[PDB]
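Before any questions on how it binds or moves, here is one chain, the form deposited in one PDB entry, in structure tokens.
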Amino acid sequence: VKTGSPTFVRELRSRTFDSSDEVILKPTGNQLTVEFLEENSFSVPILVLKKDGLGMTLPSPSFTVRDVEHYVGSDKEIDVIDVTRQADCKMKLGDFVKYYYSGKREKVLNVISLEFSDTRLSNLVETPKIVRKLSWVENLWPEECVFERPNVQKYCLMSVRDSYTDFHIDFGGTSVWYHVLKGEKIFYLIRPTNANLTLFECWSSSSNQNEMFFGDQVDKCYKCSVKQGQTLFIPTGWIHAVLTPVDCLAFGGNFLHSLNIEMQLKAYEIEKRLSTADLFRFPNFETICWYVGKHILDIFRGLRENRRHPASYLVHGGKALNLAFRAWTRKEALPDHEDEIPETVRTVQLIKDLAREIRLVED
């Protein structure tokens, strides 16, 4: 049985898996704050039932694929996946709209990466406040920087019934939020334990990858239905597949943050190796790491100047970052990383100082 085919989907549909209720947190919008995520950590998926308190702005649930076309443009080239889990290709949006309303489902076409930040649609959607507060690119990417800035904050997803996206780790080790405006999406979520990552890498490389349901190889594969008006936040590194059971229109975006830097670096390294994408959807990952390194040093200096202590998660994140910094700048690795280092950063000193501040904060 080939992954993505109609028989594969018919079978997937009848499966139950482990209940998402065993792992997800379900705060209200008002409860999902920075403090909440610092205290709770952001290590399991978070499903918010109603959008109230999330600080989003969205069109009404009456919004359509035709509307998307109007705000984005008929002529926009968009990446489409032919859900016979086969190929990628470009398509004019108007041609997709034609396919969509045609109702002809001989080919199952899925749109999941229409980034609309530079279109009129951008004015109609504001992302969750928590994301805007956490996001590295949003808060810590310097205006003066001359590197290409990642542009992955606003995606529109348009998925016909029976769309399937196979298990993957989100690009660049990012976390992601998804809001289903209409229809439903089913996420199959797997925790990125070292053990699961090993199985994932093995499966990603196996010759019969398209015939093996990854969720079967792990201890726990959690099924999470995200229905109309609901918002899902997936933490760094979580391995997941998505079945679209009914026609779905959704919005989402990808971000990096400081809550679990070790997991972020790890997810980044693994996905970089395993990805079959032709482009880095998150360019200059390392660059932003360097800037964050300096900012975290500043935080530690400040806390010490004021006789206060950092939260544990920051200490650990700063340490894992510093390990990465040393690895990227070793004599023999430097050639493959130098290009990503901002010309304003003195790496040897940043590393030395970070190490010092971190030593003055352990026990």
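The first residue of the sequence shown is number 1, and the count goes up from there.
The form deposited with a small molecule bound exists for this protein as well; it is not shown, and the discussion that follows is about that form.
Only one listed stretch (217-225, 256-264, 166-174, 125-133) carries heavy atoms within 4.5 Å of the small molecule in the bound PDB entry, and that stretch is 166-174. No residue in the set 294, 322 and 355 has a non-hydrogen atom no more than 4.5 Å from the small molecule in the bound PDB entry. Among 197, 156, 72, 242, the residue placing a heavy atom within 4.5 Å of the small molecule in the bound PDB entry is 242. Checking 178, 116, 282, 268 against the small molecule in the bound PDB entry, a heavy atom within 4.5 Å turns up for just one residue: 178. Using a 4.5 angstroms limit between non-hydrogen atoms, residue 230 is distant from the small molecule in the bound PDB entry.
At least one heavy atom of residue 185 is located within 4.5 Å of the small molecule in the bound PDB entry. Taking the partner from the other structure, the small molecule in the bound PDB entry has a heavy atom within 4.5 Å of a heavy atom of residue 112.
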